[PDB]
Amino acid sequence: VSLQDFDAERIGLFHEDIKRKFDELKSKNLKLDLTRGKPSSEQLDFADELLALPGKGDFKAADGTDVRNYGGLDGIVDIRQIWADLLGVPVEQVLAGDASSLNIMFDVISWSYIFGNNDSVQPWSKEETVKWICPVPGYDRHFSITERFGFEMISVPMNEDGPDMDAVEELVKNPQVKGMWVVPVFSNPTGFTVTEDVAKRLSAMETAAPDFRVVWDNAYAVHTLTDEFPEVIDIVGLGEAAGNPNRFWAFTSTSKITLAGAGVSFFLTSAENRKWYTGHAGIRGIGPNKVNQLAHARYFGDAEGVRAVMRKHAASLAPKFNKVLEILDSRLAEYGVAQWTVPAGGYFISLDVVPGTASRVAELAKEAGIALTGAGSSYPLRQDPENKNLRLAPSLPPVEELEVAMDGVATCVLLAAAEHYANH
Amino acid sequence: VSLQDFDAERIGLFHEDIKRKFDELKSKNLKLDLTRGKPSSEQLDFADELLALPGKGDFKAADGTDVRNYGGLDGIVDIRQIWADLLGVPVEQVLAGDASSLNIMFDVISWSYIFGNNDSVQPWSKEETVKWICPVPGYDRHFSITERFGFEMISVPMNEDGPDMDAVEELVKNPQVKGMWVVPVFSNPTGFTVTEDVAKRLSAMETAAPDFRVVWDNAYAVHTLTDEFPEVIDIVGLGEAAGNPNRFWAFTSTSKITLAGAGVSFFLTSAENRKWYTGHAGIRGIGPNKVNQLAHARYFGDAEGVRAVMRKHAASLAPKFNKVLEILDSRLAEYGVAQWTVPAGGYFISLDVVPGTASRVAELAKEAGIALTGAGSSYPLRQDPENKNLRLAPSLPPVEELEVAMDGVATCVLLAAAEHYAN
Ligand SMILES: Cc1ncc(COP(=O)(O)O)c(CN[C@@H](CCC(=O)O)C(=O)O)c1O
Ligand SMILES: Cc1ncc(COP(=O)(O)O)c(CN)c1O
Ligand SMILES: O=C(O)CCC(=O)C(=O)O
């Protein structure tokens, strides 16, 4: 019997039962935080050597470029080739920038707004209405960019195999629709991964805008919790094979590989998109930081060296995800109140509670000293129309803290659920 | 006697002889380049240690920030404080970014275009026309930004004490005029420096646009050729004192101090302007590279450490400028065909040849295997109305290459001048 099927008296009694547990939780005086989607100090210690790279006297890229001096908008060959080898794409596809792929995403959108992109009839700023497809739950920092530009964000469901392509294929037939966000591997926060079939559909679909763009933000391209590395779909190639070569603006970075905020970002896109991008980037400045790129190339040495680092991250993160999953199972399984993802990579667990109660869960957790990301944080304009979803970030705290925190979260889920069904 | 005073016969003899020298110059099959203000490899060697910084286990800013992890839009206190001490301004003024100050200049203009700035009634995108004041000769990369945005660029002279303030103060009465570029110390390329009097005028002037900005791009703030450091006007403080606190967007960087393209940039501006900037920069991302900032703070230690580095730069650069000047003096002075700047600092010499002949000089030089910046490159849209100015960049080549290259340039100046007078 799930809580929702409890009779009026049994849910009342269940409410009194669980409230006693919530009282016990508050008497612990906790100060715990499950909101930080960032690496732990242990993980950051793995790249300690990179703080001393590339090192005295070592300042030449593989083509002879003196990385210490001005020039070159594309990034250095050394790091571009490593990433090409890692991702299994031609090196010509890869541009290496500064430490933020979000910076590049914002820029390409900004420039499409000001100038148009290379396929634009006119700049997006001339449009009365720009719409933008948002698979949900999704990444708040993506949705913030499109909200700051005033684009009308239209949500679609992020499914186990990727965005709902029936919904996307329909929405792109509207010429107001200029692009979409996706995190295609271990998606933030669902953990879901775009299948080959879904990528093919994104690559082959017809769009009403001539200048429509998919942001394929492959932020977790190698970020497994297991021994297996996920498939890297060559999405730019698929777009090329389908006759839509310019469709995909693809990104990734080293921010959760080396140093979070001081890594290297990558922008993978078609020949014509790269010329457009570097033509605008060359007015914005002289080019990206080559020294940090050489440092990175030296640290990894080759693509296998990147995978070796990713196995260390996996070994550090796995027990944290396992604790969270173990607690959710032991406390909530019998009650039918919640569903949670079981991800095999990435940085998050996505928790759906009773619809109408997510904001109350986070409020109760706060009263109990446990910080949860707010209700709607994974939705455009922070509006989850079912008030059900919560994002859990296991990476930073030690396992002992995750145990305590999640035990409390689970009590909060139950109490909120008991309040909700008792109020019917 | 100047070349213009030679009679037909004498200028014909001079022309044949300089033409022969030019032919002899081309026969050398040179491949030399005076176009880019890049530090030499000798200069870059000075920061060899920075390639190993901040070093293993050293990753906390002075306020405890772990520089290896996300967050913080302002840059770390360690580097901000050193720059504040260096420039003699309150640390609160200083924001520290990534490796390019141009990126930030681009960004603040693009955001003013898109969103408006904090003093704007509406985005500049909604204006029929945006005008922008450009002191000349000036910096090509500044002008390129405002060209790319469609802004109509209005030239004013860059004089020895700064921009022509009689002209600026008149132009700013037009509300279409939204801002201005300046390089205020050892200016690119004139070497000229804004005086306190001119700075005060810029701070007090009345503008018709409510959201007018001066870009005060102090790229050469400490970049002495003589070991005497120039005055650092606290320009943000002067705008605040005049009652126009938001007027100045000030910049500098370490690109010609440490590593060119892998240094640290700074943005100095008012409290309201910083809040506006970081508001937008926080949507563009999570914030700048804190590790490189700590590396820089470790490398310099303090303001005196920055000044020690600058003295090393001066020792490397000054004989290159001196050689250029010696060649200009010995080849050109007697002929009255050219004028050039004699800078106390910065990265360039500004050369004015016979009006109507600069593009010819650059074409002759290119035929001879010597790359010069094109005619008009220090002017908006590359339009020098007198076709007289050329910029020379002594920093990159060794003195031996400078000597060969500049002897060649002088022969080009003289041939172009001889052709002009003979026609
Ligand atoms: C006035 C000025 N401001 C900024 C810069 C560069 O600032 P950064 O963006 O912080 O590095 C400069 C320098 N210009 C040189 C660069 C050489 C190159 O080949 O790229 C030039 O173009 O010659 C100046 O002058
Ligand atoms: C999907 C996604 N994309 C981009 C980023 C940030 O990338 P960067 O640090 O290179 O800006 C993050 C950080 N969590 C993320 O989850
Ligand atoms: O920790 C931060 O400042 C934001 C990090 C973030 O967006 C993420 O890693 O998902």
# chains A, B, ... in the order shown; residues from 1 in each chain; ligands from 1
$ residues_near_ligand --ligand "ligand 2" --cutoff "10 Å" --atoms "only C-alpha atoms and all ligand atoms" --output "number ranges by chain"
A: 36-39, 97-106, 138-142, 181-189, 216-220, 251-256, 259-266, 346-348; B: 69-71, 284-287
$ interface_residues --of "chain A" --to "chain B" --cutoff "8 Å" --atoms "only C-alpha atoms" --output "ChimeraX atom specification"
/A:38-39,44,48-58,68-71,99-100,102-103,106-107,114,141,144-145,148,259-262,283-292
$ closest_residue --among "A:311, A:331, A:424, A:391" --to "ligand 3" --atoms "only C-alpha atoms and all ligand atoms"
A:391
$ select_by_dssp --residues "range 196-364 of chain A" --states "strand (DSSP E)" --output "list in words"
residues 213, 214, 215, 216, 217, 248, 249, 250, 251, 252, 253, 265, 266, 267, 268, 339, 340, 349, 350, 351 and 352 of chain A
$ residues_around --residues "residue 293 in chain A" --least-positions-apart "6" --cutoff "8 Å" --atoms "only C-alpha atoms" --output "ChimeraX atom specification"
/A:75-76,78-79,96,264
$ residues_around --residues "residue 244 in chain B" --least-positions-apart "4" --cutoff "8 Å" --atoms "only C-alpha atoms" --output "ChimeraX atom specification"
/B:203-204,239-240
$ select_by_dssp --residues "range 188-415 of chain B" --states "alpha helix (DSSP H)" --output "count of residues only"
98
$ residues_around --residues "residue 204 in chain A" --least-positions-apart "3" --cutoff "9 Å" --atoms "only C-alpha atoms" --output "tab-separated table (two decimals) with N, CA, C and O atoms, in the first residue's frame"
chain	number	residue	atom	x	y	z
A	199	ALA	N	19.95	11.19	-31.65
A	199	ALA	CA	20.93	12.05	-32.36
A	199	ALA	C	20.71	12.17	-33.87
A	199	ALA	O	20.75	13.25	-34.45
A	200	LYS	N	20.45	11.01	-34.50
A	200	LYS	CA	20.03	10.97	-35.90
A	200	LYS	C	18.79	11.76	-36.19
A	200	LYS	O	18.75	12.49	-37.17
A	201	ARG	N	17.76	11.62	-35.37
A	201	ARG	CA	16.57	12.45	-35.50
A	201	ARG	C	16.84	13.96	-35.32
A	201	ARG	O	16.35	14.80	-36.10
A	238	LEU	N	27.29	13.74	-37.81
A	238	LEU	CA	25.92	13.33	-38.11
A	238	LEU	C	25.17	14.45	-38.74
A	238	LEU	O	24.37	14.23	-39.64
A	239	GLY	N	25.34	15.68	-38.24
A	239	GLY	CA	24.72	16.80	-38.87
A	239	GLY	C	25.20	16.98	-40.33
A	239	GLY	O	24.38	17.14	-41.23
A	241	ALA	N	26.46	14.54	-42.40
A	241	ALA	CA	25.89	13.42	-43.18
A	241	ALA	C	24.46	13.59	-43.53
A	241	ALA	O	24.04	13.17	-44.60
A	242	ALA	N	23.69	14.18	-42.64
A	242	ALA	CA	22.30	14.45	-42.91
A	242	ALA	C	22.01	15.67	-43.78
A	242	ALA	O	20.86	15.97	-44.05
A	243	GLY	N	23.00	16.42	-44.20
A	243	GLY	CA	22.71	17.62	-44.99
A	243	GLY	C	22.41	18.86	-44.17
A	243	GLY	O	22.08	19.90	-44.75
A	244	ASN	N	22.60	18.79	-42.83
A	244	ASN	CA	22.53	19.99	-41.98
A	244	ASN	C	23.88	20.26	-41.24
A	244	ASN	O	23.92	20.26	-40.03
$ closest_residue --among "B:137, B:189, B:157, B:301" --to "ligand 1" --atoms "only C-alpha atoms and all ligand atoms"
B:189
